[PDB]
K.L.:
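For reference, the structure I am asking about is given below.
Computation of the quantities below employed the complete heavy-atom set of this structure, encompassing side-chain atoms and omitting hydrogens, waters and symmetry-equivalent molecules. Numbering starts at 1 and runs along the sequence shown.
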Amino acid sequence: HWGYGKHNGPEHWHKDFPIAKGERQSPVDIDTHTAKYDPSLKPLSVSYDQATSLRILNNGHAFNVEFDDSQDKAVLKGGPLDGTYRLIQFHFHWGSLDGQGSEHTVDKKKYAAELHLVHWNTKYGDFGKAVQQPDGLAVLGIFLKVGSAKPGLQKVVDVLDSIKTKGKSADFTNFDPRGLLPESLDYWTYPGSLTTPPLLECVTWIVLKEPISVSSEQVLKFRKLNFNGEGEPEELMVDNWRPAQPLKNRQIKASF
Ligand SMILES: CN[C@H]1C[C@H](C)S(=O)(=O)c2sc(S(N)(=O)=O)cc21
Ligand code: MMC
Ligand SMILES: [Zn+2]
């Protein structure tokens, strides 16, 4: 089954998921000089004050912090979006070394990791129905660069010992996502897909311009995780990111 190694990595995915070669695949390189400023793009409205985190899970390719989405508790609206999208989970993609890790790149520059906050469109009623629609999901992507510690990331970093291997999970309540946001909410946006199998083309990507800083030791603990399940040969969870895909005539719009 798919992964990120030599034999099952991004370049092999088309064999089982033919949409890998589709028309609106993500991630893409964001060229700042070709992105078009769009004056009608509204400001983002992130309402995460009533968020309820539940669990953190190692799923064999990243770790997910999951949220209670049975009511409009943590939602995203405004921006390029029509309607309310609920936060269901967030995860990261990171590298083995600080100069690679992000999925989206800006003028070919790669950051150390990328945070994806995944939201689904409430008019479709549940997550499974939202992935059957071209505007079913909105993912908020935030870049991470090594520098000063991000205090709001530390609670996540400390629980990672408990979910070292594939399939382990831990209770993770009362985590507040607002501590992972940069100061500015300027963004680029384009229509894309999930960046892992099943690679469904249902996503409106909102990639924030401003990165958050994390310390070198915060990023180092991400790299101690395992793709493997307990009692198998250890394979460090590093480089779980997909190379950029062809933009193919889509336009990237900027809110600034
Ligand atoms: C296997 N993980 C995929 C299936 C999950 C059900 S999901 O649709 O929540 C997401 S969102 C996501 S990403 N990297 O594009 O943000 C990847 C996946
Ligand atoms: C079409 Hg999702
Ligand atoms: Zn992701």
Side-chain angles (χ1 to χ4, degrees), residues 1-28 54-67 69 87-97 100-105 110 112-120 126-134 136-139 141 144 156 159-170 172 192-203 205 219 221-246 248:
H1 274 267
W2 71 271
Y4 293 95
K6 270 49 153 284
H7 295 111
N8 62 350
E11 58 293 321
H12 292 267
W13 291 351
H14 64 102
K15 283 177 290 176
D16 288 297
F17 303 95
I19 203 177
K21 316 287 220 185
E23 296 301 289
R24 42 176 292 190
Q25 290 286 288
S26 297
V28 296
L54 295 170
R55 270 213 305 183
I56 182 162
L57 163 72
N58 176 326
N59 61 19
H61 51 263
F63 56 85
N64 297 161
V65 175
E66 302 163 343
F67 289 76
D69 70 339
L87 179 61
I88 182 166
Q89 57 113 329
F90 68 72
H91 54 279
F92 299 80
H93 293 264
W94 55 93
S96 40
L97 297 165
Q100 58 187 39
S102 63
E103 300 210 294
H104 294 85
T105 50
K110 296 181 164 68
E114 193 171 324
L115 172 58
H116 292 162
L117 295 127
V118 182
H119 315 67
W120 58 274
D126 64 48
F127 187 79
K129 302 304 179 303
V131 296
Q132 291 176 156
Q133 303 289 136
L137 302 182
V139 180
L144 275 64
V156 173
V159 75
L160 294 186
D161 274 332
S162 301
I163 58 155
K164 187 163 193 278
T165 50
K166 181 172 199 161
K168 300 287 213 181
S169 51
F172 200 65
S193 67
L194 302 180
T195 63
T196 66
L199 300 163
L200 307 170
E201 292 185 337
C202 319
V203 184
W205 276 98
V219 176
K221 292 184 187 189
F222 285 18
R223 302 179 180 140
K224 287 181 177 75
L225 287 165
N226 285 183
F227 285 124
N228 62 279
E230 180 153 56
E232 290 186 281
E234 184 172 71
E235 274 290 6
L236 294 175
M237 188 180 285
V238 290
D239 290 320
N240 52 352
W241 54 269
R242 188 192 197 186
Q245 298 308 297
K248 284 181 171 169

K.L.:
When you compare the side chains of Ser26 and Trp205, does any donor N or O come within less than 3.5 Å of an acceptor on the partner?
P.N.:
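Yes, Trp205 and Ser26 have a side-chain donor paired with an acceptor closer than 3.5 Å.
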
K.L.:
Please work out which of the three classes, parallel, tilted or perpendicular, describes the rings of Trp13 and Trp2, given edges at 30° and 60°.
P.N.:
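Rings of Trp2 and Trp13: perpendicular, over 60°.
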
K.L.:
Please work out whether the ring planes of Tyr4 and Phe227 are parallel, tilted or perpendicular, with thresholds of 30° and 60°.
P.N.:
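Rings of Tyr4 and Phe227: parallel, under 30°.
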
K.L.:
With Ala62, which residues qualify under side-chain contact (heavy atoms from CB on, under 4.5 Å), at least two apart?
P.N.:
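With neighbours one apart ignored, the set is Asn59, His91, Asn240.
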
K.L.:
For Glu23, what residues pass the salt bridge (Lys or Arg N to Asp or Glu O under 4.0 Å) criterion, not counting sequence neighbours?
P.N.:
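For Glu23 the salt bridge (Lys or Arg N to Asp or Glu O under 4.0 Å) partners, ignoring immediate neighbours, are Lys248.
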
K.L.:
Restricting to salt bridge (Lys or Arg N to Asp or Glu O under 4.0 Å), what partner residues turn up for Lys129, sequence neighbours left out?
P.N.:
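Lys129 satisfies salt bridge (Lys or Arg N to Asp or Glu O under 4.0 Å) with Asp126 only.
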
K.L.:
For a salt bridge (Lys or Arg N to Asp or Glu O under 4.0 Å) check, start with the C-alpha distance between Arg242 and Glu103, then their side-chain angles and the critical distance, and finish with the verdict.
P.N.:
CA-CA 6 Å; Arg242 188 192 197 186; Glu103 300 210 294; over 6 Å; no

K.L.:
Only one of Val118, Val65, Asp69 forms a side-chain contact (heavy atoms from CB on, under 4.5 Å) with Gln89, so which one is it?
P.N.:
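Of the listed options, the one satisfying the test is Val118.
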
K.L.:
Do the side-chain N and O atoms of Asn228 and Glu234 include a donor-acceptor pair separated by under 3.5 angstrom?
P.N.:
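No.
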
K.L.:
Does the side chain of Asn226 come under 3.5 Å of the side chain of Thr165 through a donor N or O and an acceptor N or O?
P.N.:
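Note: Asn226 and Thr165 side chains miss the donor-acceptor criterion.
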
K.L.:
Classify the ring geometry between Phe222 and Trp94 as parallel (under 30°), tilted (30 to 60°) or perpendicular (over 60°).
P.N.:
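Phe222 vs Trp94 ring planes: perpendicular.
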
K.L.:
Could I get the full list of salt bridge (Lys or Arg N to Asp or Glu O under 4.0 Å) partners for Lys6, not counting sequence neighbours?
P.N.:
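Residues passing salt bridge (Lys or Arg N to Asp or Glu O under 4.0 Å) with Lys6: none at all.
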
K.L.:
Can you give the donor-acceptor pairs under 3.5 Å from side chains of residues 14-21 to other protein atoms, not counting sequence neighbours?
P.N.:
from: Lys15; atom 1: NZ; to: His12; atom 2: ND1; distance (Å): 2.8

K.L.:
Are the side chains of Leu200 and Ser193 in touch, meaning some heavy atoms are under 4.5 Å apart?
P.N.:
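Answer no - side chains too far apart.
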
K.L.:
Any heavy-atom pair between the side chains of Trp241 and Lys110 that's under 4.5 Å?
P.N.:
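SC-SC contact between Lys110 and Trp241 confirmed.
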
K.L.:
Calculate, to the nearest 0.5 Å, the distance between atoms CG and CD1 belonging to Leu54 and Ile56 respectively.
P.N.:
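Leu54 CG to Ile56 CD1: 12.0 Å, rounded to 0.5 Å.
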
K.L.:
Look up atom CG in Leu160 and atom CZ in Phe63, then write down how far apart they are to the nearest 0.5 Å.
P.N.:
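Interatomic distance, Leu160 CG to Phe63 CZ, rounded to 0.5 Å: 5.0 Å.
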
K.L.:
State, yes or no, whether a side-chain contact exists between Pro243 and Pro10 at a heavy-atom distance under 4.5 Å.
P.N.:
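Result yes, sub-4.5 Å side-chain heavy-atom pair found.
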
K.L.:
Does the side chain of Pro134 come within less than 4.5 Å of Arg24's, by heavy atoms?
P.N.:
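Side chain of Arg24 against side chain of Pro134, heavy atoms only: contact under 4.5 Å found.
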
K.L.:
Got more than 12 heavy atoms from elsewhere within 6.0 Å of CD, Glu235?
P.N.:
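Counting other residues, nucleotides and ligands, CD of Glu235 stays at 12 neighbours or fewer.
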
K.L.:
Applying salt bridge (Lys or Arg N to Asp or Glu O under 4.0 Å), can you list everything that pairs with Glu201, at least two apart in sequence or on another chain?
P.N.:
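Once residues adjacent in sequence are excluded, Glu201 has no partner under the salt bridge (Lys or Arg N to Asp or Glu O under 4.0 Å) criterion.
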
